[PDB]
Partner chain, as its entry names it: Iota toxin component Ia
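A lone chain, given as structure tokens: the form deposited without its partner chain.
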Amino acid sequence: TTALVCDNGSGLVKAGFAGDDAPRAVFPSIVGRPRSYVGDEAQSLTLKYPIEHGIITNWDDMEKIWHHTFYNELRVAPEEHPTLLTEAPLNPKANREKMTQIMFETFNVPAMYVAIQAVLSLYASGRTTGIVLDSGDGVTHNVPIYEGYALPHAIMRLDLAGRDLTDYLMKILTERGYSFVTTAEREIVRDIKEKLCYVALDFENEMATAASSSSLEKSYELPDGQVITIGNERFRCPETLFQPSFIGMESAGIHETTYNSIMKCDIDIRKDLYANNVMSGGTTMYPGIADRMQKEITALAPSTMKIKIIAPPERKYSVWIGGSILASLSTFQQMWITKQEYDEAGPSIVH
């Protein structure tokens, strides 16, 4: 009867037991029907993603992901463990309610809790005050947190993330004559992204180094043993997070939304936010991204202001780890919504 921690990503589900240092299970958030299998069963034609931009969008299929999570991955009975699930910042009320109803009525959990992904990242780093940039496969967010509360009026949403960056990598790879096009091939590209991409410190200088030197070039070996070479594609692709126009979007880039987000906060707490920039999510893993953030918010912030970027090596997992820490805590045990409270109050209680 240990608490379970489930982080519902657009791309990866992360699940395990509270107290543990790492998630027991990390599998694709996918349901495959042929011509239903969940997660790993599924990748082994016709995959649905139940979570879109951090929001649960297909409930029937979310129900199957949860079921696989408990019964296949974690090997537990859900009526036997308090379960903590995460959500996206600015998750609609009806959503949190449906999530809550499902847990209680379909899975009969004894108790559950819903936490904001980015808050847990912050916790993971041993902080209660800071601003998290959380950037996954489906959405990017800035969430300022003060003394452990998220400040929902100051939350900024950039709707581009890991998935869009792969897609953009597929398109630019065609300049050198490589064609990546299908679902399968997009997975090869996601791999190229994760091994070879990086954030330039100074984009236009990096473009000019690329143009006059072959020094930025890197080879990659495909599944069929063919070798390709990329150059400026390595940093054009994640430059998109600083310049969403690259992929036709009107959005401010992540340096700018970090600043806007701080600027929506009471002026007397900005010092603490600028000194506690936590990066989390798989899409903050690029080499150079920390450096580029630092340079970029230092150009926006007051000139006396101390800027620090925090970027844990394990930040693809911060969220789950924050949940594992949180749900571990003695003082936290009272915070669980129990079945008994649920029978009294209906899904509302989650508020």
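Positions refer to the first chain, counted from 1. Only residues modelled in both forms are compared. Between two forms, the rigid core is defined as the largest C-alpha subset superposing within 1.5 Å.
If I compare the deposited sequence with the modelled residues, how many are absent between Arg35 and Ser36: none, 1 to 3, 4 to 9, or 10 or more?
Going from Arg35 to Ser36, the model skips 10 or more residues of the deposited sequence.
Our gap detector needs a label for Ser303 to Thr304. Which class matches the unmodelled residues of the deposited sequence there: none, 1 to 3, 4 to 9, or 10 or more?
In the deposited sequence, nothing is left without coordinates between these two.
So among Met103, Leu273, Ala77, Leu160, who wins on Cα B-factor in the entry?
Among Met103, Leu273, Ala77, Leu160, the highest C-alpha B-factor in the entry belongs to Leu160.
Taking the entry's C-alpha B-factors for this chain, is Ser179 in the lowest, middle or highest third?
Answer is middle: the recorded C-alpha B-factor places it there.
Chain third (lowest, middle, highest) by recorded CA B-factor, residue given as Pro23:
Answer is highest: the recorded C-alpha B-factor places it there.
Would you mind checking where the Cα B-factor of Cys265 ranks among the modelled residues of its chain, as the lowest, middle or highest third?
Bottom third by C-alpha B-factor.
Please say which third, lowest, middle or highest, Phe332 falls into when its CA temperature factor is compared across its chain.
Highest third of the chain for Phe332's C-alpha B-factor.
Grab the CA temperature factor for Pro312 from the record and place it in the lowest, middle or highest third of its chain.
Answer is middle: the recorded C-alpha B-factor places it there.
There is another form of the same protein, the form deposited with its partner chain bound; it is not shown, and what comes next is about it.
Among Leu85, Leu169, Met156, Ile131, which has any heavy atom within 4.5 Å of its partner chain in the bound PDB entry?
It is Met156.
Does any residue in 255 to 288 get within 4.5 Å of its partner chain in the bound PDB entry, counting heavy atoms only, and if so which ones?
Going through 255 to 288 in order - heavy atoms within 4.5 Å of its partner chain in the bound PDB entry - the hits are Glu256, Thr257, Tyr259, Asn260, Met263, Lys264.
Sticking with residues common to both forms, list the runs of three or more in a row where every CA moves 2 angstroms or more between this form and the one not shown, core superposed.
CA shift run, sole hit: 40 to 44.
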